[PDB]
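Take a look at the structure below.
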Amino acid sequence: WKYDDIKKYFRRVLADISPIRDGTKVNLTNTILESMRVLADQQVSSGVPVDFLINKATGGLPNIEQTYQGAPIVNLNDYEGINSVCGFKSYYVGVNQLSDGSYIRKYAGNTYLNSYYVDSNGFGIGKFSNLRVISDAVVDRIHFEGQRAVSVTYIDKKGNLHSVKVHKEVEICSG
Amino acid sequence: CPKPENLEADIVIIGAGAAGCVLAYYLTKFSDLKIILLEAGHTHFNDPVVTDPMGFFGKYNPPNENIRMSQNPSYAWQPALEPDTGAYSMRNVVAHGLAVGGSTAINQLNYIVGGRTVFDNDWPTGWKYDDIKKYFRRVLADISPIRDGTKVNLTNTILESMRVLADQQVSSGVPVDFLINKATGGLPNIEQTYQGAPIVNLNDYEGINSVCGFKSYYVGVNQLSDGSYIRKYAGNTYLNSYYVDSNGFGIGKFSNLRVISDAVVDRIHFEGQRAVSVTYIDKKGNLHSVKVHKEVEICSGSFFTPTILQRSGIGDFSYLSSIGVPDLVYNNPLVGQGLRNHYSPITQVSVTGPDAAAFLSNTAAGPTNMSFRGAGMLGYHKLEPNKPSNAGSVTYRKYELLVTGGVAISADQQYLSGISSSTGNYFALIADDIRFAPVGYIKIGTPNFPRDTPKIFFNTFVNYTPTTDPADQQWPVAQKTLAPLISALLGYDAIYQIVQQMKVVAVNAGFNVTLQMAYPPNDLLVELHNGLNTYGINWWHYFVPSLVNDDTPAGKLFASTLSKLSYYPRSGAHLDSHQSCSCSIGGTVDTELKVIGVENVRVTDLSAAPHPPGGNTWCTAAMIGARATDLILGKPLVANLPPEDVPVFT
Amino acid sequence: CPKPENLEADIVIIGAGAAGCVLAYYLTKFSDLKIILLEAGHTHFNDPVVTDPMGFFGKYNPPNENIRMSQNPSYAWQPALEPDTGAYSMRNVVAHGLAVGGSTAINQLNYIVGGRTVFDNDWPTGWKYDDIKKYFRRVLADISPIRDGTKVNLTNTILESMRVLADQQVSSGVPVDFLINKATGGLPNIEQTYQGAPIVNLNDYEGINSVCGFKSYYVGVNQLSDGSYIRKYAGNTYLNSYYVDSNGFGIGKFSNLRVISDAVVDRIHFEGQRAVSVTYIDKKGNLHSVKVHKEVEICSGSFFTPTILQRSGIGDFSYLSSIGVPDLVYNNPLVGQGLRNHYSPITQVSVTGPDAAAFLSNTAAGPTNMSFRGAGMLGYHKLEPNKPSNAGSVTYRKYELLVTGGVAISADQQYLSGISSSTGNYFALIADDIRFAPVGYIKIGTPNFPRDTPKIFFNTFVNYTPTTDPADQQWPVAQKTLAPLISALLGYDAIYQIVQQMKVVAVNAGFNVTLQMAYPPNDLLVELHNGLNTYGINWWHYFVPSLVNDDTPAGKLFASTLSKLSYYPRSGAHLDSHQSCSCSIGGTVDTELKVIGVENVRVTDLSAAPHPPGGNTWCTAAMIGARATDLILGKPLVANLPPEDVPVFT
Ligand SMILES: Cc1cc2nc3c(=O)[nH]c(=O)nc-3n(C[C@H](O)[C@H](O)[C@H](O)COP(=O)(O)OP(=O)(O)OC[C@H]3O[C@@H](n4cnc5c(N)ncnc54)[C@H](O)[C@@H]3O)c2cc1C
Ligand SMILES: Cc1cc2nc3c(=O)[nH]c(=O)nc-3n(C[C@H](O)[C@H](O)[C@H](O)COP(=O)(O)OP(=O)(O)OC[C@H]3O[C@@H](n4cnc5c(N)ncnc54)[C@H](O)[C@@H]3O)c2cc1C
């Protein structure tokens, strides 16, 4: 689980979402970035090694985003992880703009489980026909034969206990 | 030819509008027949712009597509009418909703039921008021509208003024003024104005009030336990999650009901004189055919019922053959004829005063008043030559009056007049026509598939061209031609003669303010008032100045003033969306709503009305559908269902 | 499933408009492939209102249905665009013809070919002028238009005046006036005015004339041996009784061609990334499926090509999924984007004189001039900030000027202005925009069947709202937003500064008459002229008065005058019917006209143009279809067909 084993997976998820940046300038950001570069200049000198505005993957130059028109953008979530300390101007939020002009929310259920992939009755569609989703089902515990998990029970929206068999493996993603 | 969509049954109802759902619901409730509904539309139960009543005014509109639901091709059909030769050849687009609930999914939610006199004097036998008033009660009970939830002093002032002048109109013995109701007597029918004053119900069960000044309407909204209002419409009530599955099946009680969401119907496959099948296009683009065993019902609205009939084969054989219809069934040259609609010229009022904000408070729109603050329904003006014979003994509904804050003229007129919507010392008054005269017709243009725009002709404010005929016996065609423009001018005068009683009432109601009509211009109204009271019942000779032979400069003044005034109702007005009377009773159908020349099809939407009712035409279509339930079933069941039995809401 | 209508082939061409017939004809002529054309329309070869050119003006109209062919749902599709936020939210209906020959069956018949510079500076590689000019020659040879057959002295006077002032514009060294052509030099490009003066051909083969003042256009009419003119259009020429049977088969040479008259197409059945079939609805209402072997072609016009694409599966996946499209193929968010069209504000001229009838003679419309009497095509005005970089070295076509007798403003404007069409001392001048700036887009609304009105957005004369930003770097968005209104105002000034040379020319041409612009008002133009010549290139700062900071009463005068003048182009104007650029090159298709993301479909009508040409957009669509013939066939055959080979007429 060292960085070079997973950074590809981070790329995968950020590609699956495609966040956006801020769509509005402001001069307070420019002033604050100006000030931070001003004092990071001194923190670069004086030789002390562990101040809060020193990044070792860049060197003598501060990692502070430039402030003027046509200044490039420092990507916080860069692929090779050079920026662990950096002053920027905007984050990456998980919203998309629709053709109409209204933004919506792009989240896990929105993307991976939407009407195109799963039926309203919980079946997957074609490619994903081997998938079942049950909407309102509170799980209680894992029926467990020997050291081998075998079944799971849950309560539907009557209040009934339904038992389902497991053949191969059980996965827990309950937070 | 493997199409497993075999949806053969005995009843098929086409178009789930203000009348389709009522019929389908109460038809599957009271019997065991297999019912199918086709609408070509999904259910907007979750859309904020639909369910929230205030969404009608564009609260959820994306900033790049600021159009509401009547102008949106995803919500409403968009038919445009051919150039109006009376309105400078300006084509207009009026919509019909495209969803479960029809136009009720996109409308302003008002509940005028119409006067009693109209159903007694203008409808066939079996459709007199006492035959249906129970059905009106049924629908208003099924909705349960509410009243305004906010007082305001402008309503009190205006009602004060109307009672003040109705006092004089009660005297002087003239029988046909616009504030005389004969079912009450010497006392005016004007609602009282003080705390603890009772409320006059406009839609009263026994129809006593055909002329009355009130303070609030009845809109079709409900309040939820949370505190938010929602919209209560036809699809909301009769076809909701409690009654129909998401897959279109009914639930238990109504298990014998089928609803298909997106299915545009084309025409009626028709063996002999017996309708046998119907086809439709789903959302692939496939043609599905379904059998009919027992009867076919058409609830596709005013504009699109005659059209589907004509594609089916019923109409004018010469014409349908001309444009290429291959199969012809019955030769009725009246299909799609006799189209009727309302029309509302607009005027606005200026208030001069340093602190008039105190006068105009509590006028903003809430989901209970929807910007409506009155005021009343009036009768014929004293000086209108086009009145029926019964006017001496029965009071008729002519004008529906409305007051609203802000300005409501069109934007170009706003710029032209010099007054805009930003400033806040201005408000609007509307004198709607309920008995609007002009008549038009509908003709299809291509026998291929249901088209959004067929030929629709509607000419309103036409002019009269004199001939060489002697004046004596050409007047009573000038009368018929100039009826609507005369009506609009008289509405202008009626509104005008209210503002002075309003002046007096405001002066001695604790207000030092001044009221004045600035649109149309002040002078152009004072001159009309003087001309009216100096020329009497022959004031309308002067529309055509070549026949009066009055070359006196006063006569030229009158002619010029009427010429200029004729401009405002043409442009500064608003054609309503109350389309009706396309397949009326007698013209195209009998009194049992069956189509002449065939045994097992009926039309039951608002197109089948033989006259436009006394106000907003929503209750009427639902009433027609409800009565159709009884005529189809045979015995009166919905007739004396107890009023405490209402559909449950989800 | 017994449907014997098995019409499987290898090429299917959809929509026989200005480009469909050319392609089908020259495609079955030069090869042996099995060709099919689908149009959804019958052939109006016999209709007097079509074939007679003068029928365009309503000579055969029944007295009760006085509408011509663009407003008739039996002749033309009727799409309406959403409220124009720049034109007081006035929706407009612009038509596309519905017949063999497309819009050419209902159009005004003009043959502007467009300048040379546009195809050199605005089109991709392979579409520069020298690659296509041969195709323009081919189409103009296939039609053989004619010139005006009637002299008139007003043309002589106006050409006289234009040469008079072009003399001065040639001097003074300024490089970008509107009467300077660089391919001629010091001499003006103004046609001579005397008997035996030669004629300057506007549509010249080598494109020397991009700015030139002439006397007549080239309309697409022919004279018959009898003495009557008829209309020569796409269906008339390429698809007539000599080439196709009444049953839709070709004859001999073209025996490998099929044409189906009434067949509305829905979408493209589409296996994998390979189009395989197409379905359509005949005049029963049946769905017929036909196989495609080799390629599919879309020639359904500007408004209805992106629409059929979107129903087919190509577009914005999120949107098409939203409105319920089940099958999705390629995710191109640019389909139906970049819509372009022309626009022509109107002005009219008063002539004061006792015997001015002698001045205005021989101006009536005949089938050879169709009420067009000139006058020329102009370039950029001196004071327009929105000019390309090449303006210093190449001359661009900006305005197309037209003169016509009578008044042509809309009826409401006629009443408002106080001047009507009865009187005969008045005529109209039109300064059309060819480089009109605003851009819009097209979105379908329901995935069921081809609908007449999809969502069409087109906002033209929008306004700029200043922000708190410092003035210095917010100007170059005000420029982009205010381009078209500036262009219209400059067109007004350009027309205005002609009438004085016309005064002088008339005075010493044997005429004691006076010329004056009465619409827009006289004063409101003199003030604009003074403001222009006193404020220079920074005259357009005053559209927004809150940023000029010029509180001098002169500045307030200028702001008020521009405010008032901004009203006329909004209402007193005429949106043209030149829709184009819905699936342009690069945006949606490559330079070989294939649709990105698929291997065997192309779009070849006017929607595929990456820029609107220099004038009326008829030749351009035919040129695109002709070039498509070559690209499909592979080798240039229509390329050097000898010009003496022309289709025979029947
Ligand atoms: C802008 C607007 C304002 C309004 N304001 C008011 C008001 O102030 N007061 C008031 O009381 N009412 C108002 N209304 C409502 C209107 O007056 C009536 O409610 C209307 O006449 C409903 O009658 P209906 O059910 O017969 O028509 P509709 O509700 O239009 O019924 C037609 C139905 O059939 C469907 N349909 C049509 N063609 C086909 C086809 N080919 N195949 C399948 N289905 C089809 C339509 O989608 C629709 O569901 C307004 C409506 C609109 C649009
Ligand atoms: C009012 C008006 C004025 C005009 N004035 C001029 C002028 O002054 N000068 C000039 O040069 N040109 C003029 N034109 C013509 C116009 O500028 C062009 O000729 C037009 O762009 C033709 O290009 P096109 O062939 O691609 O379009 P179209 O000719 O419209 O081609 C579309 C064809 O496809 C058919 N079609 C559409 N949808 C479908 C479908 N779903 N299924 C099957 N078939 C379908 C249509 O019926 C039509 O036959 C005018 C046109 C109009 C309408």
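So you can find residues: chains in the structure tokens are A, B, ... in the order shown, residues in each start at 1, and ligands are numbered from 1 in order.
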Using only C-alpha atoms, I'd like a table of the residues in chain A that come within 12 Å of chain C; for each, show the closest atom pair and its distance in Å rounded to one decimal, ordered by chain and ascending number, as a Markdown table.
| residue | atom | partner | partner_atom | distance |
| --- | --- | --- | --- | --- |
| A:25 | CA | C:469 | CA | 11.5 |
| A:26 | CA | C:469 | CA | 11.2 |
| A:27 | CA | C:469 | CA | 11.6 |
| A:69 | CA | C:473 | CA | 11.6 |
| A:96 | CA | C:318 | CA | 11.1 |
| A:97 | CA | C:318 | CA | 10.8 |
| A:98 | CA | C:318 | CA | 8.2 |
| A:99 | CA | C:319 | CA | 7.5 |
| A:100 | CA | C:319 | CA | 9.2 |
| A:104 | CA | C:318 | CA | 11.9 |
| A:110 | CA | C:318 | CA | 12.0 |
| A:111 | CA | C:318 | CA | 11.5 |
| A:114 | CA | C:321 | CA | 10.9 |
| A:115 | CA | C:321 | CA | 8.9 |
| A:116 | CA | C:321 | CA | 8.0 |
| A:117 | CA | C:321 | CA | 11.8 |
| A:125 | CA | C:326 | CA | 11.8 |
Residue subset to file, keeping C-alpha atoms, as a PDB file, in the first residue's frame:
ATOM      1  CA  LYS A  25     -11.905  34.979  -9.873  1.00  0.00           C
ATOM      2  CA  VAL A  26     -11.430  37.049  -6.719  1.00  0.00           C
ATOM      3  CA  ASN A  27      -8.723  39.417  -5.494  1.00  0.00           C
ATOM      4  CA  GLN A  69      -3.577  36.931 -15.854  1.00  0.00           C
ATOM      5  CA  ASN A  96     -20.958  18.776 -13.475  1.00  0.00           C
ATOM      6  CA  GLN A  97     -22.631  21.349 -15.692  1.00  0.00           C
ATOM      7  CA  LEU A  98     -25.586  20.235 -17.766  1.00  0.00           C
ATOM      8  CA  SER A  99     -26.272  21.426 -21.298  1.00  0.00           C
ATOM      9  CA  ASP A 100     -29.125  23.565 -19.959  1.00  0.00           C
ATOM     10  CA  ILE A 104     -25.967  18.770 -10.554  1.00  0.00           C
ATOM     11  CA  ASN A 110     -25.098   8.894  -9.487  1.00  0.00           C
ATOM     12  CA  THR A 111     -22.238   7.451 -11.526  1.00  0.00           C
ATOM     13  CA  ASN A 114     -27.869   4.932 -12.433  1.00  0.00           C
ATOM     14  CA  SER A 115     -30.867   4.221 -14.640  1.00  0.00           C
ATOM     15  CA  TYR A 116     -28.626   3.239 -17.555  1.00  0.00           C
ATOM     16  CA  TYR A 117     -26.972   0.421 -15.602  1.00  0.00           C
ATOM     17  CA  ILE A 125     -28.990  -4.248 -17.905  1.00  0.00           C
TER      18      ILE A 125
END
(message) Contacts from chain C to chain B, 9 Å maximum, only C-alpha atoms: show me the residue list as a PyMOL selection string.
(response) chain C and resi 1-2+40+65+67+71-75+77-80+82-83+87-89+91-93+262-264+266-267+279+281-287+323-327+410-412+444-455+457+571
Using only C-alpha atoms and all ligand atoms, which residues have at least one atom no more than 6 Å from ligand 1? Output them as a CSV table (one decimal) with C-alpha atoms, in the first residue's frame.
chain,number,residue,atom,x,y,z
B,14,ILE,CA,-57.1,8.2,-25.3
B,15,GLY,CA,-55.5,11.2,-23.6
B,16,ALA,CA,-55.3,11.5,-19.8
B,17,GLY,CA,-56.2,15.2,-19.4
B,18,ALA,CA,-58.6,17.0,-17.2
B,19,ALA,CA,-61.2,14.4,-18.2
B,38,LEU,CA,-52.9,5.9,-23.5
B,39,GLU,CA,-51.3,9.3,-23.0
B,40,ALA,CA,-47.9,9.7,-24.6
B,70,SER,CA,-46.5,26.4,-21.9
B,95,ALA,CA,-50.5,25.0,-25.6
B,96,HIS,CA,-52.0,21.8,-24.4
B,97,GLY,CA,-50.2,19.9,-21.7
B,98,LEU,CA,-48.3,16.7,-22.5
B,99,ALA,CA,-48.3,14.5,-19.3
B,100,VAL,CA,-50.6,12.7,-17.0
B,101,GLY,CA,-53.2,15.3,-16.0
B,102,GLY,CA,-53.1,17.2,-19.3
B,103,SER,CA,-53.2,21.0,-19.2
B,104,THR,CA,-53.9,20.7,-15.4
B,106,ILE,CA,-49.3,23.3,-16.3
B,107,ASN,CA,-52.2,25.6,-15.6
B,108,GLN,CA,-52.9,28.6,-13.3
B,109,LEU,CA,-55.3,26.5,-11.0
B,110,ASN,CA,-58.5,28.4,-10.8
B,111,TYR,CA,-62.0,27.0,-10.1
B,264,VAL,CA,-48.5,8.6,-29.3
B,265,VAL,CA,-51.7,7.4,-31.0
B,299,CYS,CA,-60.1,12.6,-24.6
B,300,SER,CA,-57.3,14.3,-26.6
B,301,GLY,CA,-58.3,17.9,-26.1
B,304,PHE,CA,-56.3,17.3,-31.3
B,450,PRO,CA,-50.1,13.4,-35.5
B,577,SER,CA,-55.9,29.0,-23.3
B,578,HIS,CA,-59.5,27.9,-23.0
B,605,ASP,CA,-63.2,16.2,-23.4
B,606,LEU,CA,-63.8,19.9,-23.5
B,616,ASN,CA,-62.2,29.1,-16.5
B,617,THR,CA,-62.8,25.9,-18.3
B,618,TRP,CA,-61.3,23.2,-16.0
B,621,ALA,CA,-64.1,19.1,-18.8
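With only C-alpha atoms taken into account, the protein and nucleic acid residues at most 8 Å from segment 132-144 of chain A (excluding it and anything under 3 positions from it in its own chain) are residues 122, 123, 124, 147, 148, 149, 150, 151, 152, 153, 154, 155, 156 and 157 of chain A.
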(request) Pick out the closest residue to residue 347 of chain C from this set: C:635, C:116, C:529, C:574. Count only C-alpha atoms. (result) C:574
(request) Considering only C-alpha atoms, return as an MDAnalysis selection string whatever protein or nucleic-acid residues lie within 8 Å of residue 242 of chain C, sequence-local ones (same chain, fewer than 3 positions apart) excluded. (result) chainID C and resid 239 245 251 648:650
Let me see the file: selected residues, C-alpha atoms, as a PDB file, in the first residue's frame.
ATOM      1  CA  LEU C 239     -36.641  14.926 -60.994  1.00  0.00           C
ATOM      2  CA  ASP C 245     -41.993   7.341 -63.805  1.00  0.00           C
ATOM      3  CA  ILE C 251     -36.392   5.611 -66.972  1.00  0.00           C
ATOM      4  CA  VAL C 648     -33.672  18.193 -70.411  1.00  0.00           C
ATOM      5  CA  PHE C 649     -36.856  19.923 -69.282  1.00  0.00           C
ATOM      6  CA  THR C 650     -40.410  18.575 -69.182  1.00  0.00           C
TER       7      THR C 650
END
(request) Using DSSP on the backbone coordinates, identify the residues of segment 398-463 of chain C assigned to strand (DSSP E or B); present them as a ChimeraX atom specification. (result) /C:399-405,426-433,440-443,455-457
Selection export as a compact mmCIF listing (two decimals), in the first residue's frame, atoms kept: C-alpha atoms:
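In the end it all went to out.txt:
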# COMPACT_ATOMS: atom_id res chain seq x y z
CA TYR C 399 -24.31 44.11 -46.63
CA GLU C 400 -26.58 43.07 -49.47
CA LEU C 401 -28.60 46.08 -50.62
CA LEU C 402 -32.10 45.82 -52.12
CA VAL C 403 -34.55 48.42 -53.44
CA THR C 404 -38.26 47.77 -53.88
CA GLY C 405 -41.40 49.76 -54.57
CA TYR C 426 -42.93 55.66 -51.11
CA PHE C 427 -40.43 52.83 -51.52
CA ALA C 428 -38.30 50.47 -49.45
CA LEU C 429 -34.55 49.92 -49.02
CA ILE C 430 -33.06 46.90 -47.25
CA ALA C 431 -29.54 46.49 -45.80
CA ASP C 432 -29.24 42.76 -45.20
CA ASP C 433 -26.63 41.22 -42.89
CA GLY C 440 -28.04 29.28 -31.55
CA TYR C 441 -28.75 25.55 -31.26
CA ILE C 442 -31.37 22.84 -31.71
CA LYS C 443 -32.55 20.23 -29.21
CA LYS C 455 -36.37 23.38 -29.06
CA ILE C 456 -34.75 26.12 -31.16
CA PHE C 457 -32.91 28.93 -29.39
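Considering the residues C:370, C:334, C:498, C:180 and counting only C-alpha atoms and all ligand atoms, ligand 2 has its shortest atom-to-atom contact with C:370.
Of note, atom CA of residue 221 of chain C and atom 38 (N, counted along the ligand's line) of ligand 2 are spaced 25.9 Å apart.
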(request) Mind checking which residues fall within 8 Å of residue 315 of chain C, counting only C-alpha atoms, ignoring those fewer than 2 positions away in the same chain, and posting them as a PyMOL selection string? (result) chain C and resi 309-310+313+317+320+330-335
(request) Mind giving me the straight-line distance from atom CA of residue 366 of chain C to atom CA of residue 503 of chain C in Å, one decimal? (result) 27.6 Å
(request) Quick one: everything within 6 Å of segment 50-58 of chain B, counting only C-alpha atoms, minus sequence neighbours fewer than 2 positions away in the same chain. Send it as a count of residues only. (result) 7
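For the atom pair formed by atom CA of residue 135 of chain B and atom CA of residue 602 of chain B, the distance is 19.1 Å, given to one decimal.
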(request) Going by DSSP on the backbone, which bits of segment 242-411 of chain B are alpha helix (DSSP H)? Write them as a PyMOL selection string, please. (result) chain B and resi 301-312+317-323+411
Those residues with N, CA, C and O atoms, as a PDB file, in the first residue's frame please?
ATOM      1  N   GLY B 301     -58.278  16.473 -26.178  1.00  0.00           N
ATOM      2  CA  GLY B 301     -58.251  17.915 -26.112  1.00  0.00           C
ATOM      3  C   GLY B 301     -58.913  18.575 -27.303  1.00  0.00           C
ATOM      4  O   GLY B 301     -59.272  17.946 -28.299  1.00  0.00           O
ATOM      5  N   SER B 302     -59.071  19.890 -27.187  1.00  0.00           N
ATOM      6  CA  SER B 302     -59.794  20.642 -28.203  1.00  0.00           C
ATOM      7  C   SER B 302     -59.089  20.600 -29.553  1.00  0.00           C
ATOM      8  O   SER B 302     -59.733  20.385 -30.585  1.00  0.00           O
ATOM      9  N   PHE B 303     -57.773  20.800 -29.573  1.00  0.00           N
ATOM     10  CA  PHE B 303     -57.064  20.937 -30.839  1.00  0.00           C
ATOM     11  C   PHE B 303     -56.826  19.608 -31.532  1.00  0.00           C
ATOM     12  O   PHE B 303     -56.683  19.576 -32.754  1.00  0.00           O
ATOM     13  N   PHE B 304     -56.764  18.514 -30.789  1.00  0.00           N
ATOM     14  CA  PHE B 304     -56.268  17.265 -31.340  1.00  0.00           C
ATOM     15  C   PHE B 304     -57.297  16.148 -31.329  1.00  0.00           C
ATOM     16  O   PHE B 304     -56.958  15.012 -31.667  1.00  0.00           O
ATOM     17  N   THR B 305     -58.529  16.429 -30.935  1.00  0.00           N
ATOM     18  CA  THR B 305     -59.599  15.458 -31.126  1.00  0.00           C
ATOM     19  C   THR B 305     -60.117  15.476 -32.562  1.00  0.00           C
ATOM     20  O   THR B 305     -60.146  14.421 -33.212  1.00  0.00           O
ATOM     21  N   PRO B 306     -60.539  16.627 -33.103  1.00  0.00           N
ATOM     22  CA  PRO B 306     -60.983  16.616 -34.500  1.00  0.00           C
ATOM     23  C   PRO B 306     -59.904  16.133 -35.432  1.00  0.00           C
ATOM     24  O   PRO B 306     -60.206  15.513 -36.454  1.00  0.00           O
ATOM     25  N   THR B 307     -58.646  16.380 -35.090  1.00  0.00           N
ATOM     26  CA  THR B 307     -57.541  15.983 -35.947  1.00  0.00           C
ATOM     27  C   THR B 307     -57.416  14.466 -36.028  1.00  0.00           C
ATOM     28  O   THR B 307     -57.271  13.899 -37.118  1.00  0.00           O
ATOM     29  N   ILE B 308     -57.472  13.788 -34.885  1.00  0.00           N
ATOM     30  CA  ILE B 308     -57.384  12.334 -34.910  1.00  0.00           C
ATOM     31  C   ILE B 308     -58.636  11.742 -35.539  1.00  0.00           C
ATOM     32  O   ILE B 308     -58.582  10.700 -36.206  1.00  0.00           O
ATOM     33  N   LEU B 309     -59.781  12.402 -35.360  1.00  0.00           N
ATOM     34  CA  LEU B 309     -60.979  11.958 -36.063  1.00  0.00           C
ATOM     35  C   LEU B 309     -60.783  12.031 -37.571  1.00  0.00           C
ATOM     36  O   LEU B 309     -61.068  11.068 -38.291  1.00  0.00           O
ATOM     37  N   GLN B 310     -60.273  13.161 -38.063  1.00  0.00           N
ATOM     38  CA  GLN B 310     -60.106  13.346 -39.497  1.00  0.00           C
ATOM     39  C   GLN B 310     -59.110  12.351 -40.070  1.00  0.00           C
ATOM     40  O   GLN B 310     -59.363  11.764 -41.126  1.00  0.00           O
ATOM     41  N   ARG B 311     -57.981  12.128 -39.397  1.00  0.00           N
ATOM     42  CA  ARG B 311     -57.089  11.072 -39.868  1.00  0.00           C
ATOM     43  C   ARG B 311     -57.770   9.715 -39.818  1.00  0.00           C
ATOM     44  O   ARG B 311     -57.430   8.812 -40.589  1.00  0.00           O
ATOM     45  N   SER B 312     -58.722   9.540 -38.902  1.00  0.00           N
ATOM     46  CA  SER B 312     -59.377   8.244 -38.786  1.00  0.00           C
ATOM     47  C   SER B 312     -60.309   7.988 -39.963  1.00  0.00           C
ATOM     48  O   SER B 312     -60.410   6.855 -40.447  1.00  0.00           O
ATOM     49  N   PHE B 317     -65.399  14.390 -46.887  1.00  0.00           N
ATOM     50  CA  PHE B 317     -64.785  13.413 -47.783  1.00  0.00           C
ATOM     51  C   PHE B 317     -63.978  14.079 -48.888  1.00  0.00           C
ATOM     52  O   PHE B 317     -62.890  13.607 -49.236  1.00  0.00           O
ATOM     53  N   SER B 318     -64.493  15.165 -49.463  1.00  0.00           N
ATOM     54  CA  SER B 318     -63.769  15.825 -50.541  1.00  0.00           C
ATOM     55  C   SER B 318     -62.399  16.290 -50.067  1.00  0.00           C
ATOM     56  O   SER B 318     -61.384  16.025 -50.717  1.00  0.00           O
ATOM     57  N   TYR B 319     -62.348  16.938 -48.903  1.00  0.00           N
ATOM     58  CA  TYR B 319     -61.092  17.469 -48.382  1.00  0.00           C
ATOM     59  C   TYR B 319     -60.115  16.360 -48.018  1.00  0.00           C
ATOM     60  O   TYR B 319     -58.940  16.406 -48.403  1.00  0.00           O
ATOM     61  N   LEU B 320     -60.573  15.361 -47.266  1.00  0.00           N
ATOM     62  CA  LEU B 320     -59.665  14.308 -46.831  1.00  0.00           C
ATOM     63  C   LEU B 320     -59.164  13.496 -48.013  1.00  0.00           C
ATOM     64  O   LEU B 320     -58.024  13.022 -48.011  1.00  0.00           O
ATOM     65  N   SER B 321     -60.008  13.313 -49.026  1.00  0.00           N
ATOM     66  CA  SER B 321     -59.542  12.712 -50.268  1.00  0.00           C
ATOM     67  C   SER B 321     -58.519  13.604 -50.952  1.00  0.00           C
ATOM     68  O   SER B 321     -57.520  13.118 -51.492  1.00  0.00           O
ATOM     69  N   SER B 322     -58.753  14.917 -50.932  1.00  0.00           N
ATOM     70  CA  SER B 322     -57.835  15.859 -51.556  1.00  0.00           C
ATOM     71  C   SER B 322     -56.439  15.734 -50.975  1.00  0.00           C
ATOM     72  O   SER B 322     -55.457  15.618 -51.714  1.00  0.00           O
ATOM     73  N   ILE B 323     -56.326  15.743 -49.648  1.00  0.00           N
ATOM     74  CA  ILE B 323     -54.991  15.694 -49.058  1.00  0.00           C
ATOM     75  C   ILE B 323     -54.472  14.271 -48.920  1.00  0.00           C
ATOM     76  O   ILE B 323     -53.354  14.076 -48.436  1.00  0.00           O
ATOM     77  N   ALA B 411     -43.987  43.137 -23.377  1.00  0.00           N
ATOM     78  CA  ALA B 411     -42.761  43.908 -23.189  1.00  0.00           C
ATOM     79  C   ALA B 411     -42.660  45.060 -24.177  1.00  0.00           C
ATOM     80  O   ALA B 411     -42.268  46.174 -23.805  1.00  0.00           O
TER      81      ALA B 411
END
